[PDB]
C-alpha cells in the first residue's frame, strides 16, 4: 500500500458514496487502521491510501489497544461549534510539515457504520479536531486550505518541495500549486 501525498490529484478527486457493506469494506477498514498504527497517526481518510470513497478510520488515542476504533462511512457535519480553537496540525500526505489551523471546537456528525446502520455522534476536543481534518479530506480539502495567509507562507517552500518531488516522479507539472493562492 502507499500513501498518496500532496500534490497528487487523488487527494482532490470526488469521493464515492459507499452503498455496499460487504467483506471488502471491512478488509479496507482493517488496512487503513493498520496503516494509521504503522505511521503513528490518530486518523486516516481513504483518498490518503489512493481510494476516492467516503471512508474514514479513527482512534482518538492513536495507540494500539488504547482509545477506540471509530469507523465512519458517508459522514456529514450536521453542524459546527460557534467557538473556534487554534491548534497545531500535521498530515500524513504532507511529510514533516506542521502548522496551525483554527477550527470549531466541536461537531455534530451523522454517518453510517461498517454494517449499514446510520448513527449520530457528537465530538469535541481532539476527536473533533481529528474528525474535521479527516472529513475535509473526504471533501478534497487539505489542511493548508484551512490555514491563514500568514501560516501558509511559512510552509510555502516545503509545499513546493513536495510539488517538485511530484513533478520529479511523474514528469507532469504539478496539477496544483501553493503559489496559485
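Numbering follows the first chain given and starts at 1.
Enquirer: Could you check the entry and say whether 5 to 13 or 168 to 176 has the higher mean CA B-factor?
Expert: Taking the mean B-factor of the alpha carbons in each, 168 to 176 is higher.
Enquirer: On mean Cα temperature factor in this entry, is 116 to 124 or 134 to 142 the higher one?
Expert: Comparing averages over the C-alpha atoms only gives 116 to 124.
Enquirer: Should residue 59 be placed in the lowest, middle or highest third of its chain by the C-alpha B factor in the entry?
Expert: As the PDB entry reports it, the C-alpha B-factor of residue 59 lands in the middle third of its chain.
Enquirer: Quick check on the deposited entry: does the C-alpha B-factor of residue 94 sit in the lowest, middle or highest third of its chain?
Expert: CA B-factor rank for residue 94: lowest third.
Enquirer: Taking the values exactly as deposited, rank residue 152 by C-alpha B-factor within its chain and report the matching third: lowest, middle or highest.
Expert: It belongs to the highest third of the chain when residues are ordered by C-alpha B-factor.
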